[PDB]
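> What follows is a single structure, and I will ask about it in a moment.
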RNA sequence: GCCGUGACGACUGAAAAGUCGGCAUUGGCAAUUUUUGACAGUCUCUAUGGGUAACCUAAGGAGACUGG
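Residue numbers (my numbering), protein chains in the order written: chain Y, 1 to 74; chain D, 75 to 156; chain H, 157 to 235; chain R, 236 to 318; chain G, 319 to 404; chain S, 405 to 501; chain W, 502 to 575.
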């Protein structure tokens with residue numbers, strides 16, 4: 001207990017992140033903690049309009065992470 | 075102090091419970107546990123915007139409770155003693 | 157590997173202006189300079205602003221402590 | 236550790252269906268299931284709330300944001316009939 | 319005291335109500351601390367729980383099968399029918 | 405712990421139980437419960453007496469054409485238990501007076 | 502400032518005029534009497550601002566921690 | 001109900017420490033994956049429903065928006 005999420009496999013891979021609020025971003029996994037809070041580099045916001053905007057390196061709180069999908073092969 | 079202990083004493087009382095989802099539950103308490111999970115018998119349960127349904131038994135996850143309406147008769151000062 | 161908490165510690169040290177995505181509220185986001193933070197990701201922000209994405213309007217706040225409950229996402233802004 | 240959790244770990248390597256808190260439906264092979272219900276899957280078919288389908292190679296869903304899972308019936312027989 | 323209130327209904331057919339308002343009916347085979355539930359031969363209903371609705375009893379019924387439901391999303395449970403013997 | 409109930413924000417509840425004074429509880433259900441605190445705990449579960457519950461409603465399109473006017477409502481509840489998560493705000497006042 | 506944390510900030514703000522925004526968009530202005538470990542909050546001479554406009558003058562008030570979005574000194 | 005803690009004991013380890021059984025209670029269980037809530041509220045669409053037409057209705061099913 002106080003377990004890690006099993007995410008080493010996904011380290012330094014490009015990912016597609018579905019967040020709550022119908023929000024979606026894409027970026028490279030740079031790290032994580034036991035709460036599933038993530039560090040995502042070269043992150044891009046995929047606006048509901050279809051337009052995408054570069055936001056750089058960011059922190060996503062694991063709380064609000066619905067789902068992730070790898071855009072690479074692990 | 076721990077008020078769930080108080081609720082655990084209310085076996086065989088009849089109560090009305092209002093749920094977080096608006097549902098109204100009237101029945102006789104068979105058991106409250108430490109998580110406030112509540113079990114009843116002879117239950118008339120009215121989901122918001124339905125006519126009641128009667129169930130011989132119903133088991134509620136504690137967190138889904140808004141509040142209990144207790145018997146007017148209930149001797150609270152007795153029950154609050156430990 | 158970069159740990160998320162450390163990124164924040166970096167934000168703190170840098171005094172980079174930060175934009176926070178809130179939980180289940182898209183029309184408003186919060187901005188400010190992280191002065192300090194705690195184990196619950198509660199943040200102390202300086203010269204903070206409410207940002208209305210719909211109205212293009214900003215509300216001026218000053219000294220803010222934002223509960224971490226609301227944090228969806230943490231980003232940096234050049235401004 | 237919970238009885239249902241042991242049965243979930245038993246389904247690792249099997250095809251399972253997962254519905255999220257938002258009602259998206261993911262069907263494919265369960266690679267890894269963590270204690271907190273965090274789920275790694277592969278070769279997915281996803282069916283959105285509008286009905287449309289898509290295909291994904293690799294996914295990972297947080298346990299909290301799962302509403303439920305459907306497991307094979309291959310599991311129903313044993314050994315957990317003791318409880 | 320007894321802990322039995324769940325263990326009593328084990329092996330029975332059970333009507334479980336979800337937080338969105340769905341109705342899951344299956345054979346109650348296991349539970350835990352969180353009230354994560356194991357439901358064998360489980361179907362989902364949406365429109366009604368029949369009390370002999372003269373028009374029909376069953377609309378939007380779906381066969382699911384072996385279901386594990388997370389307790390977070392459970393609201394309540396009542397006894398639907400006795401255990402199947404099998 | 406008692407010290408934290410006594411001097412912390414929950415002293416509002418501690419003070420209401422000791423003085424048998426009224427408090428209004430703004431509640432998640434959009435309802436307000438007005439009454440006396442017989443007991444309370446960390447979570448703000450409470451056992452309440454002489455509760456006046458107040459809320460507001462609409463006829464909700466009684467016409468059939470989306471026409472209604474807001475309506476206040478109330479009801480008396482002598483004895484009841486409130487699960488504390490539903491608490492938004494708890495108000496102490498010159499209410500009891 | 503050299504690291505100014507949540508807890509001390511709030512403690513410095515006790516004895517002061519504050520306004521708290523709640524997640525639900527209500528706002529409450531008053532003197533912060535105290536806060537506790539869970540970040541429950543006690544105001545005196547509270548006022549309510551809804552839609553940013555003075556609604557009700559309320560007096561002494563407890564706010565449950567989970568409701569709080571943010572607190573501002575003012 | 002869940003998990004700690006203190007000794008006693010047993011079994012391993014080079015060590016640091018690790019594992020197991022029974023006993024005991026001076027301990028806790030609202031801060032991201034479950035049980036002390038992010039929920040609350042609004043509006044449009046649909047007859048497999050009724051109606052003589054005109055049309056009225058929306059349980060169920062679908063979508064949009066607010067929380068300044």
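Positions of the beta carbon are idealized from the N, C-alpha and C atoms, including for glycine.
Would you mind working out which of 273(R), 254(R), 300(R) and 290(R) sits nearest residue 247(R), comparing C-alpha positions?
273(R)
> Hey, which unbroken runs of the beta strand (DSSP E) at 3 residues or more fall wholly within the segment 86-151 of chain D?
Fully enclosed beta strand (DSSP E) runs of 3 or longer: 88-93, 98-106, 112-120, 127-134 and 139-143.
> What does residue 351(G) touch in chain R if you count any residue whose Cβ is under 7 Å from its own?
237
> Using alpha carbons as the reference points, say which of 521(W), 502(W) and 504(W) lies closest to residue 574(W).
521(W)
> Taking only beta-carbon atoms, is residue 356(G) less than 9 Å away from chain R?
yes
> Counting C-beta neighbours from all protein chains within 10 Å, is the total for residue 204(H) 16 or more, i.e. buried, or is it exposed?
buried
> Can you list, in chain order, the stretches of the beta strand (DSSP E) that have 3 or more residues and sit fully within the segment 514-542 of chain W?
518-523 and 528-536
> Going along chain R, which residues have a C-beta under 9 Å from residue 73(Y)?
292 and 293
> At the level of alpha carbons, what is the spacing between residue 182(H) and residue 21(Y)?
7 Å
> In chain order, what residues of the segment 387-401 of chain G put their CB closer than 8 Å to some CB of chain D?
389, 392, 393, 394, 395, 396 and 397
> Nearest by alpha-carbon distance to residue 207(H): which of 162(H), 233(H) and 157(H) is it?
233(H)
> Does the beta-carbon of residue 215(H) have 16 or more other beta-carbons within 10 angstroms, so that it is buried, or is it exposed?
exposed
> Are the C-beta of residue 212(H) and some C-beta of chain W separated by less than 9 Å?
no
> For the segment 53-65 of chain Y, list every residue whose C-beta sits within 8 Å of some C-beta in chain H, in sequence order.
55, 56, 57, 58, 59, 60, 61, 63 and 64
> According to DSSP, what are the bridge partners of residue 363(G)?
341(G) and 379(G)
> With 9 Å as the limit, tell me which residues of the segment 561-574 of chain W have their beta carbon closer than that to any beta carbon of chain H; keep them in chain order.
Along the segment 561-574 of chain W, the positions whose C-beta sits under 9 Å from a C-beta of chain H are 566, 567, 569, 570, 571, 572, 573 and 574, read in chain order.
> Please check if any C-beta of chain H sits within less than 9 Å of the C-beta of residue 19(Y).
yes
> Inspect the beta-carbon positions of residue 225(H) and residue 567(W) and report whether they are closer than 9 Å.
yes
> Using the C-alpha atoms, what's the distance from residue 53(Y) back to residue 47(Y)?
8 Å
> Please confirm whether residue 348(G) has its beta-carbon closer than 9 Å to some beta-carbon of chain R.
Output row for residue 348(G): interface = yes.
> Would you mind reading off the limits of the alpha helix (DSSP H) that contains residue 418(S)?
415-423
> From the DSSP secondary-structure annotation, give me the bridge partner or partners of residue 484(S).
143(D) and 452(S)
> Should residue 467(S) be labelled buried (16 or more other beta-carbon atoms within 10 Å of its own) or exposed?
By the 10 Å Cβ count, residue 467(S) comes out exposed.
> List the endpoints of the continuous beta strand (DSSP E) containing residue 213(H).
213-222
> Measuring CB atoms only, is the segment 134-146 of chain D touching the segment 110-123 of chain D, in the sense that at least three cross pairs come out at less than 8 Å?
Flag = yes, the segment 134-146 of chain D and the segment 110-123 of chain D touch.
> Check distances from the C-beta atoms of the segment 101-124 of chain D to those of chain G and list, in chain order, the residues that come in under 9 Å.
104, 105, 107, 109, 111, 113, 117, 119 and 121
> Take the Cβ of residue 420(S) as the centre, count every other Cβ of all protein chains shown within 10 Å, and call the residue buried at 16 or more, exposed below.
buried
> Could you check whether the segment 93-100 of chain D touches the segment 20-39 of chain Y, counting it as contact only if at least three pairs of C-beta atoms, one from each stretch, sit closer than 8 Å?
no
> Measuring alpha carbon to alpha carbon, tell me which of 275(R), 300(R), 304(R) and 256(R) ends up nearest residue 383(G).
304(R)
> Using DSSP's beta-bridge definition, name the partner residues of residue 255(R).
301(R)
> Counting only beta-carbon atoms, is residue 262(R) nearer than 9 Å to chain Y?
no
> Could you tell me which residues DSSP pairs with residue 429(S) in its beta bridges?
437(S) and 494(S)
> Which of the three DSSP states is assigned to residue 500(S) in this structure?
coil
> Leaving out the 5 sequence neighbours to the left and right, which residues in its chain are closer than 8 Å to residue 242(R) when beta-carbon positions are compared?
306, 310 and 315
> Would you say residue 349(G) and residue 238(R) are within 9 Å of each other, going by their C-beta atoms?
Yes, Cβ-Cβ distance for residue 349(G) and residue 238(R) is below 9 Å.
> Any contact between the segment 57-71 of chain Y and the segment 11-18 of chain Y? By contact I mean 3 or more CB pairs, one from each, below 8 Å.
Flag = yes, the segment 57-71 of chain Y and the segment 11-18 of chain Y touch.
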